[PDB]
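Peer 1: Sequence first, structure after; it's an experimental one.
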Amino acid sequence: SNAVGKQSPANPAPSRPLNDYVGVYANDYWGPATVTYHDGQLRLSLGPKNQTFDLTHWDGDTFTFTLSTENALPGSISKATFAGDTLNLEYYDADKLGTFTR
Ligand SMILES: [Br-]
Ligand SMILES: [Br-]
Ligand SMILES: [Br-]
Ligand SMILES: [Br-]
Ligand SMILES: [Br-]
Ligand SMILES: [Br-]
Ligand SMILES: [Br-]
Ligand SMILES: [Br-]
Ligand SMILES: [Br-]
Ligand SMILES: [Br-]
Ligand SMILES: [Br-]
Ligand SMILES: [Br-]
Ligand SMILES: [Br-]
Ligand SMILES: [Br-]
Ligand SMILES: [Br-]
Ligand SMILES: [Br-]
Ligand code: NI
């Protein structure tokens with residue numbers, strides 16, 4: 001079996017019911033972040049071509065996704081933090097334009 005490295009939270013707080021996260025979170029700069037639910041899975045869609053990522057629970061209202069093979073760093077883990085009607089995507093927040101609001 002794979003060696004273990006503690007790179008996920010061991011004792012995370014549970015998520016809310018998954019319906020709570022679903023919606024279209026607006027942003028003028030990056031365009032909307034669309035969060036949808038299918039067969040137990042939250043997904044994040046970004047851009048005009050609907051580039052889509054599975055959201056994996058991390059801790060509390062924070063999820064992660066893994067970057068695509070088009071990225072400089074495919075498979076790197078990126079945080080998606082939900083708080084009320086906001087979604088913060090750390091990948092897009094370098095100039096503080098990474099909050100999306102539904
Ligand atoms: Br690990
Ligand atoms: Br923990
Ligand atoms: Br703990
Ligand atoms: Br919505
Ligand atoms: Br928008
Ligand atoms: Br929109
Ligand atoms: Br799915
Ligand atoms: Br796109
Ligand atoms: Br669409
Ligand atoms: Br994915
Ligand atoms: Br999960
Ligand atoms: Br979950
Ligand atoms: Br959180
Ligand atoms: Br990507
Ligand atoms: Br990583
Ligand atoms: Br990132
Ligand atoms: Ni082993």
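Peer 2: Perfect, I can see it now. Numbers count the residues shown, from 1 in each chain. Ligands and ions are numbered 1, 2, ... in the order given.

Peer 1: which parts of this structure sit against ligand 16?
Peer 2: Residues of the chain lying near ligand 16 by C-beta under 5 Å from the ion: 78, 90-91. In short, each C-beta sits where N, CA and C put it, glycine included.

Peer 1: For the protein, which residue occupies the most central location?
Peer 2: residue 80 (3.4 Å; C-alpha atoms, centre = their mean).

Peer 1: For it, name its beta-bridge partners.
Peer 2: Applying DSSP bridges to residue 80 gives these bridge partners: residue 63, residue 89.

Peer 1: shouldn't it be in contact with residue 46?
Peer 2: No. Judged on C-beta atoms under 8 Å, residue 80 makes no contact with residue 46 at a distance of 10.5 Å.

Peer 1: Of all the residues in the longest strand anywhere in the chain, which ones are buried?
Peer 2: If you go by DSSP state E, the chain has its longest strand at strand 51-59. Neighbour-count burial for strand 51-59 flags 53, 55, 57-59 (criterion: 16 or more other C-beta atoms under 10 Å).
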